[PDB]
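Coming up are structure 1 and structure 2: the same protein chain in two forms, each one given alone as structure tokens.
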Structure 1
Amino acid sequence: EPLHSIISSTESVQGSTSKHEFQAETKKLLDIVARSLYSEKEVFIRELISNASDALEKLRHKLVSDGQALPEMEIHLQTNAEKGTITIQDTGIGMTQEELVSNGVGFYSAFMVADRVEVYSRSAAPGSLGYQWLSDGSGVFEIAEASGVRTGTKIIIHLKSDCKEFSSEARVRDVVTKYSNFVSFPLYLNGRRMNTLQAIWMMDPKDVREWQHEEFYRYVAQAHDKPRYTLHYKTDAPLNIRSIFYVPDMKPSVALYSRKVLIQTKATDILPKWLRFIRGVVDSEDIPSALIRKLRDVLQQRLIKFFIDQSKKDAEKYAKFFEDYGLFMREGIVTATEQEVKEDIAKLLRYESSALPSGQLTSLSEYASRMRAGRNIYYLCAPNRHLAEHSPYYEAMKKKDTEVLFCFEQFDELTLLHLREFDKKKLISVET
């Protein structure tokens, strides 16, 4: 068995610790984080991992920048049921003495579950001394020079009396696989490797290719088919977004990460209700019921444009897509309030036309681009094609030289009825 242990008692303090009042901001902040900020107390494990990752990254960066060799870059967790402790060490960039004295606020979440926190840290900088940092989370911490400290940071948590659960390996394992499956550096628990998954949404879209997208699709959608559609969307311009969206090839939710770190597996609010058929992940740093709105919209127009290009890249596959998911588009159109929201989604609708061969579809805008200036969009629900063609109501439009849209289902017609008007033109039935 591949048992990797890097965690042991090498640290010793020769002198005495100097005592140290928190600054008036930090006392209140610590209590806010430890007693209010988070709703689930397990997330401390999450936060401490995040920090660890960060440390490691800038270490890595730094070294690769200076152009020197890379050491072991790992994150280790150790549980101890009888000392009743949980420990997290990283071999990343450490903390200088000033960095410890002065100030990664997620760290303080540790005091949500601990009644004493014990830290050993040593900067990666050349000729850096190790230091010990101690605190009961009141208003007093202690600082002392320590020896036998490895480069990086070791955080030892002495759990509260009824928080002993986080000294159990099974519990901690569950928490880890829950929030930290996609950690960017190798993570071990009690000697055993945990994370195997690659946060492929952080990648460059050009560097990810099919088998990866399939693996991840099956992961987040918990499915066995393949995605029929794939949109890898990165942006920094409006807000920060690293997202992947899949449309299942089976005919009939998105996870919210930030930090390559899970926040909610069921982010139903991140996409509009009519795009609930979409699978995948949204990763955004601008995420602490308002900005989620901002993001939800941003994703909505992004996805709409996506499906439009999909139409104009492969109209037959998109035709099938409209047959399998048009339900959601009609629902979303009727559901919308502001008009051109309705029209935006309406750009995804595909219907048969009198000026098109029976079987072929077009959109409203396509229709309009052949609509001779002069003002109205004509449609008609018949049971089938040839019945619409032989409707007197249409045969009044045949030699009147006008194109007419053909619906074959009541929900389509109700949709166009609700829509009322689309871009500088109203939708009228030829039975009016």
Structure 2
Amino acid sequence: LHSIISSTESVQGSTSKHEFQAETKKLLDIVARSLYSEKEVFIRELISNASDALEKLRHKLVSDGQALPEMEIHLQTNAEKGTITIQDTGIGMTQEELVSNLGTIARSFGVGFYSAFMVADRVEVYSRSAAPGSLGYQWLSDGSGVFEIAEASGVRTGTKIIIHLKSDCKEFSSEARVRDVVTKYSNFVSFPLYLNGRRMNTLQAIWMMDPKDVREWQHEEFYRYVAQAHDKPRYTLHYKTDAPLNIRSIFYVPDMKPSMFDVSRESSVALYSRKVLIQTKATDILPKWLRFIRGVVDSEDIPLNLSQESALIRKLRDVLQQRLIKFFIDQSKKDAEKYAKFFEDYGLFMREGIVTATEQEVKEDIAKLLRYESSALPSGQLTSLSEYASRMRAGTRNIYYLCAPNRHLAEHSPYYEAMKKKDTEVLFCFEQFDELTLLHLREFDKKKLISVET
């Protein structure tokens, strides 16, 4: 076993009593009076803060020329004392930060603070800043208007938080319960995590890496994990952006064709906020028509305690829809043959998306993915609507199409045969849902879609 948590700290003198500012007292009073059904979330908040403190220290030490100490997160349960403790060897807090900041700090407020009092009769904290010459401090509070601070000896650099659990929260002093909570929400924490001296099995959050650094074998492993799949991904989009929102995401299209299970999926993409799980499922992380996509979306703009269907989620969904459409357009130009197979396999999702979309601009965006045969191209070759539009002859302002079972029947339509005399291109559409798709699309790039047979 590898444990660092023990009672090394002592206080030589008396504590100083301070009162919380009224607004922090306000939020603490809300916590004491409220009914929370998801009390386990304090653990993921504490682990996230510990990770942030370790990253702050590591980046600072590497920026200087300094050796790196042991950088770890430890949890300890004590059923006899009814406690759960977290300790990390990160940057710690100064006395000023303990006195003034607690309750009002952002994560990108008070993460780990209000949620600790949700489960605690009282909280006992030791912290010592990593800055040279820093002294250790003890901070104590029962979550009422008062907290205490005192200089403490025997404090290790970093922070230790001891939660003396409430009567109805003793489940968090059981190792097995805590282990399951960690695995559920905190499995991708990026520093070593130990529970009661045992290293926890955690996973690598490859979505946080620079896209150019992730190799195909790593994507294949991660795809198989997140999709619970045995094939390989036919497409991979690793999308990282800082504007208008923070996004670190990986999207995969399966090699296999869609089955009845992918069409009826309840859970397509997992949602994280800086490596803290928010939902294994995805309400509408992506549009419904993109439910065939597997993978992960991480946005630190997502706050840690939620319930969704917010403006933030809607904005994220719209950004991701545009980026995925752009990706598929880019893939069609990189490898048209592979894209044609993707459209054959997954194109009913695009047609669905056009039919169900509310906004004309979204319909036309999705329609950029459609590929059809054309009277003007060799049998079997596909064209896009924009390529058709680029070939339109002066004086002809509509996009003409014909739905038929196959190319032979299309070419022998008496309507098409007559039109051929005047050079007008006609799209040939062989999928049974093409009629509805193009009826709903109605127009593309301000050009009306006209079926050459009524």
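Note that the rigid core is defined as the largest set of C-alphas that superpose within 1.5 Å between two forms. One-based numbering along structure 1's sequence throughout.
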{"item": "Answer among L30, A52, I45, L59 for the CA shift between structure 1 and structure 2 that reaches 2 Å or more, rigid core superposed", "value": "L30"}
{"item": "Rigid-core-superposed Cα shift at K305 between structure 1 and structure 2, Å", "value": "0.6"}
{"item": "Per-residue C-alpha deviation between structure 1 and structure 2 [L417; rigid core superposition; Å]", "value": "1.5"}
